[PDB]
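Notes follow the structure.
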Number of protein chains: 2
Amino acid sequence: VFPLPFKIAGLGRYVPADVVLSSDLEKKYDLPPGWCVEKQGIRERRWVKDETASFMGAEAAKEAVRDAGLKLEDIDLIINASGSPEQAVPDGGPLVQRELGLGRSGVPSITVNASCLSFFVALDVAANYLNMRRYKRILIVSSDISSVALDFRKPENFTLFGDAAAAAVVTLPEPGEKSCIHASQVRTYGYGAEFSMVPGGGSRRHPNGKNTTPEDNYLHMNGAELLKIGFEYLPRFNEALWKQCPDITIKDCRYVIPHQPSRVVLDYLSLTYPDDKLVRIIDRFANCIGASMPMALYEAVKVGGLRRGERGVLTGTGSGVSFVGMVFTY
Amino acid sequence: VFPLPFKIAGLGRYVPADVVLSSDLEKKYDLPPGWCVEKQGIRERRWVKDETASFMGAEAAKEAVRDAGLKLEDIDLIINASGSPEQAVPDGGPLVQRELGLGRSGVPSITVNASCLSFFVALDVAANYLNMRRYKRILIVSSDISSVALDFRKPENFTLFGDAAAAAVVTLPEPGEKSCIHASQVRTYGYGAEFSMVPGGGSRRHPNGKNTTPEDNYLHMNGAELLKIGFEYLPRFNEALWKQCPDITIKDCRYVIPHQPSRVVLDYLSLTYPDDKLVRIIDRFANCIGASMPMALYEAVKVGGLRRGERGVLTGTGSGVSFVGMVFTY
């Protein structure tokens, strides 16, 4: 079953143009200087002006298509893989297709949703489509605007969140190219759903029904209980991931590329690995929801100089709760 | 690439227990007797009491698991494929996993979202996972509560919508079994997104932002423009679908099994095919959003007596706008 031929052919990014410095936030909202860097690990972030999520997605997608040596007309499947929805109907796939100028193309455009780990799951879905020869040139887009959710009365909130979009074009490798997935795994522990959820925004507590409370549109987070899920299940997760590629270990991999919604995952990794092994984006882009992991993948290649033939590890924990991991040769 | 080995191993359904007769709706809201049957093609529907979407999904999933000769512990991937979300975070996959008693199982639980054609796209995704030997026993759940959206001032609304859940367990076929997919196709025309959309409910018109209007939480439908997309692109869609299986035609298929959000698709089909060829569920279950097509698949097998070795056609048009079609041997 592994290794699976798989090429990340192109990568793209769009971020809002205006830098919001943590120093300016601290000055404006009476926080101690350096508070965001110490507490959040965040020095800057970007917030949209008038952009829509589909707009940012399309901008990133166009870059990734250029990067792959392709034209937009060459893409034969679009997968939206964001952490949050632009609107209720339709899903983000058709919306980004339209924004790209491909609205009359017929190219199938769909959404894969695993909350903030959507991008990962989309890669995995795309890998199987590619190897089954169903589609040849797949665009995966992750675009999120969190700045909409900002609450300027809560520092743990308004200093944490940022906006970004990142995209990938994935294909089969050309003859002689070593690009592949060595291991991939997803596990879900839905008993943890309650420890990171937003109970509003759907049928369960529809505004026009009888199950609404004032707190419906906020993140309900139980940090201690989330870590307990980690304590109990992460060791066996990692064991089973690396068992898929018994001849490849973490020492054979140049970069660890994590979903990074807070500094904690990075701190954990920094105690374990040399700093040059860890791909960091939260420092300049903050928590950008579903765009986090693909932003880090973009960073690994376009700043970190990840070379074809070198190996990486995608890793993350997300609401669900789910755990993902993938070991790949770029 | 085709035919693809593929077995619909088990099917399940849950519908609310209480029948809401069109005759009683007409009596209560001063509509002419027979209006719902004539205008909507709907004689009854089911509306939830206190059920959650995850609850209904789990009930259907359990039936499908029993139907496949399996235990819940045997399922190795869960795909939620509903037309609408239960809540904002997490997605419906972890929620149905939890409801099923599998919250500590680790079984990956994700969502595929193509609006009301989610079930179709999930089948297609599952087919590739199965044939790549990634997973063996995949549960696909489509559960929607629309009765939450009912507006008892608009007859075209409150007489149209119903609640339902349906599920499938899909596997590879056993030796000697002919179960397969002969053809599968998805096309999307995102220029039609505006002709069937709900612009609220996400980042674009977040309640706490500056782009809200009073009509944000309603379906914006342009029926004439939607049909035009059909006129222009459906003939080539059908041509390309059936070209995938040049030796199999519609005469070789026992049932047409459509996504049926209104009577129009059924009327179109009824002018073309004998009535016994068409699988109807809207008459008793109304427009049940993403559950429509899998409800019809359940009906084909569990009422229509679709036999192993006989062939069917899944078909639908959905918000996006997207078109789907699949020709399969059961």
Side-chain angles (χ1 to χ4, degrees), chain B residues 4-15 53-54 56-72 74-83 92-93 96-97 99-100 102 107-114 116-131 134-135 137-144 164-174 177 179-181 184 255 257-260 279 281 285 288-304 306-308 310-316 324 326-330:
Chain B
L4 290 180
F6 189 71
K7 184 179 175 164
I8 299 161
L11 288 167
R13 184 178 69 183
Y14 173 95
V15 289
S54 285
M56 299 200 307
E59 290 296 296
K62 289 185 284 174
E63 184 190 345
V65 172
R66 291 194 306 271
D67 193 27
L70 299 171
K71 310 314 182 237
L72 289 170
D74 298 323
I75 296 299
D76 60 357
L77 172 68
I78 295 172
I79 303 173
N80 167 56
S82 306
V96 77
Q97 191 216 49
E99 197 75 24
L100 281 166
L102 294 168
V107 170
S109 305
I110 65 171
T111 290
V112 169
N113 179 8
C116 281
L117 303 180
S118 296
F119 177 78
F120 182 99
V121 179
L123 281 177
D124 198 72
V125 167
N128 291 262
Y129 271 132
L130 290 167
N131 279 277
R134 299 296 301 268
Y135 300 112
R137 290 167 298 267
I138 304 181
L139 178 59
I140 297 170
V141 181
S142 301
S143 176
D144 281 303
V169 175
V170 299
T171 68
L172 293 181
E174 297 301 317
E177 293 182 336
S179 308
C180 66
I181 297 166
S184 187
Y255 287 134
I257 301 166
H259 172 62
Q260 47 195 272
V279 180
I281 59 83
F285 302 108
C288 51
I289 317 298
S292 191
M293 179 186 287
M295 285 282 288
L297 179 58
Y298 186 91
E299 194 83 354
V301 173
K302 299 285 173 184
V303 185
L306 183 59
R307 293 176 275 274
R308 292 298 181 185
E310 295 183 328
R311 296 178 200 90
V313 187
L314 300 176
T315 191
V324 298
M326 184 187 283
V327 181
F328 69 98
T329 293
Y330 182 56

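Computed over heavy atoms, backbone and side chain alike; hydrogens, waters and symmetry mates excluded. So that the names make sense, note that chain A is the first sequence line, chain B the second, and so on, each numbered from 1.
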Distance-minimising heavy-atom pair for [X] and [Y]:
X	Y	result
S143(B)	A53(B)	OG-O, 2.7 Å
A165(B)	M56(B)	CB-O, 3.5 Å
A127(B)	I181(B)	CB-CD1, 3.8 Å
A122(B)	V112(B)	N-CG1, 4.0 Å
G57(B)	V141(B)	CA-CG1, 3.4 Å
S184(B)	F120(B)	OG-CZ, 3.7 Å

Backbone N/O of [Y] and side chain of [X]: donor-acceptor pair under 3.5 Å:
X	Y	result
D74(B)	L70(B)	no
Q260(B)	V279(B)	yes
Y135(B)	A126(B)	no
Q97(B)	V107(B)	yes
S118(B)	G83(B)	no
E63(B)	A60(B)	no
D67(B)	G12(B)	no
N128(B)	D124(B)	yes
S142(B)	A81(B)	yes

With rounding to the nearest 0.5 angstrom, report the [atom1] to [atom2] distance, [X] to [Y].
X	Y	atom1	atom2	answer
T315(B)	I257(B)	OG1	CD1	10.5 Å
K7(B)	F328(B)	NZ	CZ	14.0 Å
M326(B)	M293(B)	CE	CE	8.5 Å
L77(B)	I138(B)	CG	CD1	5.0 Å
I281(B)	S292(B)	CD1	OG	4.0 Å
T171(B)	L139(B)	OG1	CG	12.5 Å

What pairs of residues pass the salt bridge (charged side-chain N to carboxylate O under 4.0 Å, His left out) test when at least one of them lies in residues 288-299 of chain B, not counting sequence neighbours?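 Output for this query lists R13(B)-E299(B), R284(B)-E299(B).
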Give the intermediate values and the outcome of side chain to side chain contact (heavy atoms under 4.5 Å, CB included) for residues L72(B) and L100(B). CA-CA 8 Å; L72(B) 289 170; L100(B) 281 166; 3.9 Å; yes
When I78(B) is tested against each of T111(B), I110(B), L102(B), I140(B) for side chain to side chain contact (heavy atoms under 4.5 Å, CB included), which residue passes?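 One option only clears the test, and that one is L102(B).
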What residues, two or more places apart in sequence or in another chain, satisfy ring pair (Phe, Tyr, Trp, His ring centres under 6.0 Å) together with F285(B)?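 With sequence neighbours excluded, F285(B) shows a ring pair (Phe, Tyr, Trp, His ring centres under 6.0 Å) to no residue whatsoever.
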Pair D144(B), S82(B) - check side chain to side chain contact (heavy atoms under 4.5 Å, CB included), show working. CA-CA 6 Å; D144(B) 281 303; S82(B) 306; 3.7 Å; yes
Close side-chain approach of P5(B) to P173(B), heavy-atom, < 4.5 Å: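 Counting from C-beta outward, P5(B) and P173(B) do come under 4.5 Å.
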For the pair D76(B) and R134(B), find out whether any cationic side-chain nitrogen is under 4.0 Å from an anionic carboxylate oxygen.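 Answer for the salt bridge query: no.
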Ion pair present between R307(B) and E310(B), side-chain N to carboxylate O less than 4.0 angstrom?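 Counted as a salt bridge, because a side-chain N and a carboxylate O are separated by less than 4.0 Å.
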Go through the steps to decide whether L123(B) and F6(B) satisfy the test side chain to side chain contact (heavy atoms under 4.5 Å, CB included), and finish with yes or no. CA-CA 9 Å; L123(B) 281 177; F6(B) 189 71; 3.8 Å; yes
According to side chain to side chain contact (heavy atoms under 4.5 Å, CB included), who are the partners of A168(B), at least two apart in sequence or on a separate chain?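 Testing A168(B) for side chain to side chain contact (heavy atoms under 4.5 Å, CB included), a comparison that skips the adjacent residues, returns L11(B), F119(B), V170(B).
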Side chain to side chain contact (heavy atoms under 4.5 Å, CB included), that's the test. Do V65(B) and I75(B) meet it? Break it down for me. CA-CA 8 Å; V65(B) 172; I75(B) 296 299; 4.0 Å; yes
